[PDB]
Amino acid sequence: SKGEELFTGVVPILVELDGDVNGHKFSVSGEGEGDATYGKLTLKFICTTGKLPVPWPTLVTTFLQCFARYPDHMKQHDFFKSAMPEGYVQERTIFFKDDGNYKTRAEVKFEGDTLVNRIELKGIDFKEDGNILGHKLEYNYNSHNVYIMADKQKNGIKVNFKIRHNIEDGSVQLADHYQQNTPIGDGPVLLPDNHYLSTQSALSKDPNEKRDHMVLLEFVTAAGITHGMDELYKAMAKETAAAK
C-alpha cells in the first residue's frame, strides 16, 4: 500500500490518554519511536496527573499496531499501515476476569512526521480489593498472539486476544480484549485474511525519572499466513543430493 512507505525508517511517536477508572481521573503522555522494519517500539509514558490509580501493565495494550513487522509475503494483509496517513479509529472493550472492564476509543494517525495515538479510556465495576484497584499485578508482561480478521461490512478489522497479567501471589489475571479498527480516510485499505501478531513486551523504570512512569520495549511480528516456501526448500534439498 501507499501507507506502508511512511514506515520505512524510524518514526517518532506521541501517545496521549485521558482516563477515568471507577471515577479516578488521570492523564498519561508517552513519547518514543517505532521502527516497523524490525517491529520495534521504544516508549516512555508519564502520568501527568500524579500517581496512576491503576497498575501500569493494565494500560500497555491501550498505549500502535501500525508498527508491526509484516513479513514481505504478508504485506497485502497489513490493514494498519494501509489506513495511513489518515489513520484509523481503534476501539476496545477489555474484560478483566472476575473484575471490571475498560472501554477505549483511540485515533491513530500521522501529525506531520509524528505518529500520534490519542485515547480516551473509561473503566467501571472494579472491585476495591481486586487485582487492579488493589495493585496486585507484578510489574512485568507476557508474550501473546493478537488474532486479526477482516470486517468487510465496516471496511476494517476485528481483533481478539487474551492478556495474561501475572499476580504477586503466583496467580494470573486474564484481560479479554475485544477490538475493532476502522479507517478514518476514504481511500482504499487492505482487508486481511485471518492472521495474528506475535508480541513480546518488557517493562522498566528510568532511574533518573521521579514522576510515575513506565518504560516499554515491545516487538510485534505478523505471522499465520504462509506462501508454500517449505515445498521449494524441500525441492532444493532433493535437487542438491541428486547432483552431489
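Start at 1 and count along the sequence shown; that's the residue number.
Going from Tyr196 to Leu197, you skip over nothing: the modelled chain follows the deposited sequence without a break.
Per the PDB record, of the two stretches 149-157 and 80-88, 149-157 carries the greater mean B-factor over its C-alpha atoms. For the segment pair 134-142 and 121-129, the entry gives 121-129 the higher mean B-factor, averaged over Cα atoms. Of the candidates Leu17, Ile225, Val220, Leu14, the deposited coordinates give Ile225 the top C-alpha B factor.
Per the PDB record, residue ranking by Cα B-factor puts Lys51 in the highest third of the chain. Looking at the C-alpha B-factors along this chain, the one for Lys103 belongs to the lowest third. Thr42: CA B factor lies in the lowest third for its chain, per the PDB record. The PDB entry assigns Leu190 a C-alpha temperature factor belonging to the highest third of its chain's modelled residues.
Sort the chain's modelled residues by C-alpha temperature factor and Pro207 lands in the highest third, per the entry.
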